[PDB]
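Notes for the one structure printed next.
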Amino acid sequence: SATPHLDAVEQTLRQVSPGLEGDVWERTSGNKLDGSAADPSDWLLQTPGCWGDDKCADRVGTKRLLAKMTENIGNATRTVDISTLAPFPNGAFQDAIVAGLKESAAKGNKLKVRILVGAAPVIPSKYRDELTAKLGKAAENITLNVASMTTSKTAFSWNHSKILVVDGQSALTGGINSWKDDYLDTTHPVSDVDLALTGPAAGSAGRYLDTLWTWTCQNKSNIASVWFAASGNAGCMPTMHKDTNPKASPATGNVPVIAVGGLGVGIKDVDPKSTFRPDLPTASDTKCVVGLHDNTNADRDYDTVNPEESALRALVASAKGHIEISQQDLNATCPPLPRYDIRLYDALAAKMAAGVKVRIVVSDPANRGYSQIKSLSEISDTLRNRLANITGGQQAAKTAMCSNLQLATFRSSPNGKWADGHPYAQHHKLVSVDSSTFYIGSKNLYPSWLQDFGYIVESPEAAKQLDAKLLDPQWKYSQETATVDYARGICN
Ligand SMILES: *[PH-](=O)([O-])[O-]
């Protein structure tokens, strides 16, 4: 097959979540990574994109990101569909949205617009008011829905997807929250990444958002769950995508993609169609406390409504040569979450035991919002212990790990911190295998029970661009913090 990695992932998803095919995950063909003529790699919306410079003077990444947001929205003829994590977009992110909506209104278009945020237990109506003011006459051309939602207080579940879909044709998604203080107006900007695509896979994102809004509209009169605000006399639009855009979006290229998300906890308890029967591993030191219910490692039904967890573990399992992972963290803060995904660490171990190389780069613990560990030893110890189960003991586990792992914290310049003294924070949710197939999205690899979304893209050309523009510069500067690095025999 031309697509061995997606074939494997697709087969797993159809066993895990068959009833959610089309809506929460979907394989499509005919897509395009949406870069410019001049710089074809700039579908890769990294921020800040100021490699080598501890002062971050020339933020080519940030400029392109904000410009691409405006360009895509300004091309809307029917719908704009945005999700993110609260707070609502501010600063130049909000400016970009407003600018795009004004551009589309002046080209003559009448638009339906939804903006959904996930929130912890006045904000939505205030945001609607601010946007309506900033739009001026353009607001006459726009039917707006704005909502903040929480699906489970007890499971800490709410939207965390970060999606911008226009006309079901174009989609931007990834790890970037629309937060001016963390990303923009700061001399220690967070390092993150979104991708831009067009084609049928943008339709998949539209159907995911209909899934979320269908729940949101149903629960709009439950004030523990949902705060909703609309323009004028407009009702809630649970199915704007299905009602307004073509069931299959037009084709734009030749790129195969798997869209995959999850429903967290509190929208749907199980996929009734699923006959998935997982062999669940044995835990030990993930569930720091006894009373906690562990959806990541010990809840089959949870898997069936959260195909993305399985998808990421299958993507790892598909690698023949090498895997690069760039995350904020691999481990979560316990309680209330378990420390780590046992199956993920087992899949990485299985790979290293077979001589497939694994790179993990995470955020500097000196950040501990943007870190949940004290030391990289909390990742290497865990990997070693899981390797021990399949190499016959601790010595043979350490050897396999030191021969096949690169483990480090992130830097983007020769300096150990930003010039302003603040550590580098990284927030990517990125996995690439084989210079071939990659995930960019909102789903962290650390235990999390949220609604998330991303794309798995199989395109060697695109993956090489990802190497050149992000992973290679990343390892160039980050490798100086490595505790394990097989390529230089480092083994601490
Ligand atoms: P996310 O915005 O919590 O990773």
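Lettering and numbering for the structure tokens are positional, with chains as A, B, ... in the shown order, residues counted from 1 in each chain, and ligands counted from 1 in the shown order.
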Margin query: Show me which residues are within 9 Å of ligand 1 counting only C-alpha atoms and all ligand atoms, and format the list as a ChimeraX atom specification.
Written below: /A:84-85,160-162,175-177,328,370,427-429,442-444,448,450
Next item on the list: Name all residues at most 8 Å from range 404-420 of chain A (count only C-alpha atoms; drop same-chain ones fewer than 6 positions away) and give them as an MDAnalysis selection string.
Entry: chainID A and resid 50:55 187:188 352 355:364 376 380 426 473:474 477:487
Near residue 445 in chain A, counting only C-alpha atoms, which residues have an atom at most 12 Å away, once you skip same-chain residues fewer than 3 positions from it, shown as a PDB file with N, CA, C and O atoms, in the first residue's frame?
ATOM      1  N   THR A 296      -8.406   6.519  31.388  1.00  0.00           N
ATOM      2  CA  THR A 296      -7.337   6.297  30.400  1.00  0.00           C
ATOM      3  C   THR A 296      -6.941   4.851  30.239  1.00  0.00           C
ATOM      4  O   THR A 296      -6.719   4.351  29.092  1.00  0.00           O
ATOM      5  N   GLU A 308      -9.460   8.923  19.456  1.00  0.00           N
ATOM      6  CA  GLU A 308      -8.133   9.550  19.352  1.00  0.00           C
ATOM      7  C   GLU A 308      -7.043   8.884  20.247  1.00  0.00           C
ATOM      8  O   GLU A 308      -5.903   8.734  19.806  1.00  0.00           O
ATOM      9  N   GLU A 309      -7.380   8.400  21.456  1.00  0.00           N
ATOM     10  CA  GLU A 309      -6.388   7.747  22.339  1.00  0.00           C
ATOM     11  C   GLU A 309      -5.836   6.511  21.604  1.00  0.00           C
ATOM     12  O   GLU A 309      -4.625   6.343  21.421  1.00  0.00           O
ATOM     13  N   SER A 310      -6.752   5.670  21.140  1.00  0.00           N
ATOM     14  CA  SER A 310      -6.386   4.514  20.338  1.00  0.00           C
ATOM     15  C   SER A 310      -5.640   4.858  19.055  1.00  0.00           C
ATOM     16  O   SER A 310      -4.695   4.134  18.686  1.00  0.00           O
ATOM     17  N   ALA A 311      -6.107   5.887  18.349  1.00  0.00           N
ATOM     18  CA  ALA A 311      -5.441   6.345  17.121  1.00  0.00           C
ATOM     19  C   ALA A 311      -3.961   6.691  17.330  1.00  0.00           C
ATOM     20  O   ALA A 311      -3.115   6.256  16.536  1.00  0.00           O
ATOM     21  N   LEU A 312      -3.636   7.404  18.422  1.00  0.00           N
ATOM     22  CA  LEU A 312      -2.265   7.844  18.709  1.00  0.00           C
ATOM     23  C   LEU A 312      -1.414   6.646  19.085  1.00  0.00           C
ATOM     24  O   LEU A 312      -0.272   6.538  18.592  1.00  0.00           O
ATOM     25  N   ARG A 313      -1.978   5.712  19.821  1.00  0.00           N
ATOM     26  CA  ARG A 313      -1.252   4.473  20.208  1.00  0.00           C
ATOM     27  C   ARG A 313      -1.024   3.595  18.949  1.00  0.00           C
ATOM     28  O   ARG A 313       0.064   3.057  18.778  1.00  0.00           O
ATOM     29  N   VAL A 316       1.932   5.250  16.778  1.00  0.00           N
ATOM     30  CA  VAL A 316       3.186   4.775  17.364  1.00  0.00           C
ATOM     31  C   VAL A 316       3.506   3.348  16.936  1.00  0.00           C
ATOM     32  O   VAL A 316       4.624   3.075  16.431  1.00  0.00           O
ATOM     33  N   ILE A 325       8.248  12.702  18.993  1.00  0.00           N
ATOM     34  CA  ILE A 325       7.085  13.126  19.785  1.00  0.00           C
ATOM     35  C   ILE A 325       7.456  14.487  20.391  1.00  0.00           C
ATOM     36  O   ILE A 325       8.537  14.611  20.947  1.00  0.00           O
ATOM     37  N   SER A 326       6.631  15.524  20.216  1.00  0.00           N
ATOM     38  CA  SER A 326       6.931  16.806  20.817  1.00  0.00           C
ATOM     39  C   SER A 326       5.634  17.183  21.506  1.00  0.00           C
ATOM     40  O   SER A 326       4.540  17.212  20.875  1.00  0.00           O
ATOM     41  N   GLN A 327       5.753  17.323  22.797  1.00  0.00           N
ATOM     42  CA  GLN A 327       4.598  17.505  23.660  1.00  0.00           C
ATOM     43  C   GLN A 327       4.912  18.546  24.721  1.00  0.00           C
ATOM     44  O   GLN A 327       6.062  18.899  24.973  1.00  0.00           O
ATOM     45  N   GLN A 328       3.860  19.007  25.379  1.00  0.00           N
ATOM     46  CA  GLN A 328       4.088  19.681  26.670  1.00  0.00           C
ATOM     47  C   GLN A 328       4.584  18.708  27.728  1.00  0.00           C
ATOM     48  O   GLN A 328       5.540  18.996  28.475  1.00  0.00           O
ATOM     49  N   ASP A 329       3.969  17.516  27.799  1.00  0.00           N
ATOM     50  CA  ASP A 329       4.229  16.508  28.788  1.00  0.00           C
ATOM     51  C   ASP A 329       3.778  15.166  28.252  1.00  0.00           C
ATOM     52  O   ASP A 329       2.855  15.103  27.420  1.00  0.00           O
ATOM     53  N   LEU A 330       4.409  14.104  28.719  1.00  0.00           N
ATOM     54  CA  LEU A 330       3.896  12.771  28.586  1.00  0.00           C
ATOM     55  C   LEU A 330       3.104  12.299  29.809  1.00  0.00           C
ATOM     56  O   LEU A 330       2.263  11.401  29.696  1.00  0.00           O
ATOM     57  N   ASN A 331       3.349  12.942  30.965  1.00  0.00           N
ATOM     58  CA  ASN A 331       2.697  12.568  32.208  1.00  0.00           C
ATOM     59  C   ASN A 331       1.798  13.683  32.733  1.00  0.00           C
ATOM     60  O   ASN A 331       2.039  14.840  32.469  1.00  0.00           O
ATOM     61  N   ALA A 332       0.761  13.279  33.446  1.00  0.00           N
ATOM     62  CA  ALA A 332      -0.240  14.210  33.979  1.00  0.00           C
ATOM     63  C   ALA A 332      -0.068  14.356  35.487  1.00  0.00           C
ATOM     64  O   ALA A 332       0.539  13.547  36.125  1.00  0.00           O
ATOM     65  N   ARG A 339      -1.126   9.143  36.277  1.00  0.00           N
ATOM     66  CA  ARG A 339       0.179   9.711  35.896  1.00  0.00           C
ATOM     67  C   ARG A 339       0.497   9.537  34.420  1.00  0.00           C
ATOM     68  O   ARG A 339       0.984  10.444  33.815  1.00  0.00           O
ATOM     69  N   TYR A 340       0.184   8.376  33.857  1.00  0.00           N
ATOM     70  CA  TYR A 340       0.519   8.109  32.454  1.00  0.00           C
ATOM     71  C   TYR A 340      -0.396   7.081  31.795  1.00  0.00           C
ATOM     72  O   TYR A 340      -1.086   6.329  32.446  1.00  0.00           O
ATOM     73  N   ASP A 341      -0.368   7.097  30.456  1.00  0.00           N
ATOM     74  CA  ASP A 341      -1.128   6.168  29.621  1.00  0.00           C
ATOM     75  C   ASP A 341      -0.270   4.878  29.521  1.00  0.00           C
ATOM     76  O   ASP A 341       0.802   4.887  28.884  1.00  0.00           O
ATOM     77  N   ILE A 342      -0.699   3.798  30.183  1.00  0.00           N
ATOM     78  CA  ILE A 342       0.112   2.578  30.222  1.00  0.00           C
ATOM     79  C   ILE A 342       0.312   1.977  28.848  1.00  0.00           C
ATOM     80  O   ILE A 342       1.429   1.702  28.461  1.00  0.00           O
ATOM     81  N   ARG A 343      -0.762   1.855  28.085  1.00  0.00           N
ATOM     82  CA  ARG A 343      -0.670   1.366  26.695  1.00  0.00           C
ATOM     83  C   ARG A 343       0.233   2.180  25.808  1.00  0.00           C
ATOM     84  O   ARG A 343       0.911   1.603  24.936  1.00  0.00           O
ATOM     85  N   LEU A 344       0.299   3.503  25.955  1.00  0.00           N
ATOM     86  CA  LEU A 344       1.195   4.314  25.143  1.00  0.00           C
ATOM     87  C   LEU A 344       2.654   3.985  25.487  1.00  0.00           C
ATOM     88  O   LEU A 344       3.481   3.701  24.611  1.00  0.00           O
ATOM     89  N   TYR A 345       2.970   3.976  26.767  1.00  0.00           N
ATOM     90  CA  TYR A 345       4.343   3.669  27.174  1.00  0.00           C
ATOM     91  C   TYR A 345       4.748   2.255  26.761  1.00  0.00           C
ATOM     92  O   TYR A 345       5.923   2.010  26.414  1.00  0.00           O
ATOM     93  N   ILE A 360      11.639  11.862  22.344  1.00  0.00           N
ATOM     94  CA  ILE A 360      10.598  12.578  23.074  1.00  0.00           C
ATOM     95  C   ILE A 360      11.216  13.907  23.534  1.00  0.00           C
ATOM     96  O   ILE A 360      12.202  13.887  24.246  1.00  0.00           O
ATOM     97  N   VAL A 362       9.935  17.362  25.588  1.00  0.00           N
ATOM     98  CA  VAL A 362       8.872  17.928  26.397  1.00  0.00           C
ATOM     99  C   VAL A 362       9.274  19.316  26.928  1.00  0.00           C
ATOM    100  O   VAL A 362      10.419  19.812  26.785  1.00  0.00           O
ATOM    101  N   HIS A 427       4.082  23.526  23.820  1.00  0.00           N
ATOM    102  CA  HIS A 427       2.662  23.157  23.961  1.00  0.00           C
ATOM    103  C   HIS A 427       2.197  22.321  22.743  1.00  0.00           C
ATOM    104  O   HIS A 427       0.998  22.075  22.615  1.00  0.00           O
ATOM    105  N   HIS A 428       3.106  21.950  21.820  1.00  0.00           N
ATOM    106  CA  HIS A 428       2.743  21.049  20.698  1.00  0.00           C
ATOM    107  C   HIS A 428       2.062  19.799  21.172  1.00  0.00           C
ATOM    108  O   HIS A 428       2.278  19.276  22.305  1.00  0.00           O
ATOM    109  N   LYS A 429       1.223  19.264  20.271  1.00  0.00           N
ATOM    110  CA  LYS A 429       0.699  17.887  20.378  1.00  0.00           C
ATOM    111  C   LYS A 429       0.979  17.237  19.043  1.00  0.00           C
ATOM    112  O   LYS A 429       0.089  17.098  18.192  1.00  0.00           O
ATOM    113  N   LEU A 430       2.221  16.802  18.922  1.00  0.00           N
ATOM    114  CA  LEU A 430       2.809  16.428  17.637  1.00  0.00           C
ATOM    115  C   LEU A 430       3.389  15.037  17.760  1.00  0.00           C
ATOM    116  O   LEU A 430       4.132  14.755  18.671  1.00  0.00           O
ATOM    117  N   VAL A 431       3.103  14.168  16.782  1.00  0.00           N
ATOM    118  CA  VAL A 431       3.765  12.855  16.688  1.00  0.00           C
ATOM    119  C   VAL A 431       4.056  12.645  15.196  1.00  0.00           C
ATOM    120  O   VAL A 431       3.164  12.820  14.370  1.00  0.00           O
ATOM    121  N   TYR A 439       0.718  13.211  13.254  1.00  0.00           N
ATOM    122  CA  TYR A 439      -0.429  13.844  13.939  1.00  0.00           C
ATOM    123  C   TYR A 439      -0.129  15.270  14.366  1.00  0.00           C
ATOM    124  O   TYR A 439       0.880  15.504  15.009  1.00  0.00           O
ATOM    125  N   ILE A 440      -1.003  16.203  14.010  1.00  0.00           N
ATOM    126  CA  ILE A 440      -1.031  17.537  14.581  1.00  0.00           C
ATOM    127  C   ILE A 440      -2.480  17.784  15.017  1.00  0.00           C
ATOM    128  O   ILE A 440      -3.402  17.566  14.248  1.00  0.00           O
ATOM    129  N   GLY A 441      -2.632  18.209  16.259  1.00  0.00           N
ATOM    130  CA  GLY A 441      -3.961  18.396  16.791  1.00  0.00           C
ATOM    131  C   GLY A 441      -3.901  18.974  18.182  1.00  0.00           C
ATOM    132  O   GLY A 441      -2.872  19.527  18.546  1.00  0.00           O
ATOM    133  N   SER A 442      -4.985  18.784  18.950  1.00  0.00           N
ATOM    134  CA  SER A 442      -5.102  19.235  20.339  1.00  0.00           C
ATOM    135  C   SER A 442      -4.942  18.138  21.405  1.00  0.00           C
ATOM    136  O   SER A 442      -4.889  18.429  22.605  1.00  0.00           O
ATOM    137  N   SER A 448      -5.832  12.722  29.893  1.00  0.00           N
ATOM    138  CA  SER A 448      -6.757  13.856  29.743  1.00  0.00           C
ATOM    139  C   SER A 448      -8.070  13.312  29.161  1.00  0.00           C
ATOM    140  O   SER A 448      -8.044  12.455  28.249  1.00  0.00           O
ATOM    141  N   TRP A 449      -9.200  13.785  29.730  1.00  0.00           N
ATOM    142  CA  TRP A 449     -10.531  13.270  29.443  1.00  0.00           C
ATOM    143  C   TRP A 449     -11.416  14.348  28.811  1.00  0.00           C
ATOM    144  O   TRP A 449     -12.594  14.520  29.150  1.00  0.00           O
ATOM    145  N   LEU A 450     -10.840  15.058  27.861  1.00  0.00           N
ATOM    146  CA  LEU A 450     -11.454  16.236  27.239  1.00  0.00           C
ATOM    147  C   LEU A 450     -11.995  15.959  25.858  1.00  0.00           C
ATOM    148  O   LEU A 450     -11.660  14.920  25.241  1.00  0.00           O
ATOM    149  N   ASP A 452     -11.283  16.511  22.246  1.00  0.00           N
ATOM    150  CA  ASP A 452     -10.116  16.958  21.449  1.00  0.00           C
ATOM    151  C   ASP A 452     -10.277  16.514  19.987  1.00  0.00           C
ATOM    152  O   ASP A 452     -11.165  15.751  19.640  1.00  0.00           O
TER     153      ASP A 452
END
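Nearest-residue note for residue 102 in chain A: choosing from A:130, A:15, A:88, A:136, the minimum distance belongs to A:136, counting only C-alpha atoms.
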Next item on the list: List every residue of range 117-319 of chain A that DSSP, applied to the backbone, labels as alpha helix (DSSP H), and write the result as a ChimeraX atom specification.
Entry: /A:123-135,180-183,200-218,240-244,300-304,307-317
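With only C-alpha atoms as the basis for measurement, A:297 is the residue among A:297, A:451, A:304, A:318 that approaches residue 279 in chain A most closely.
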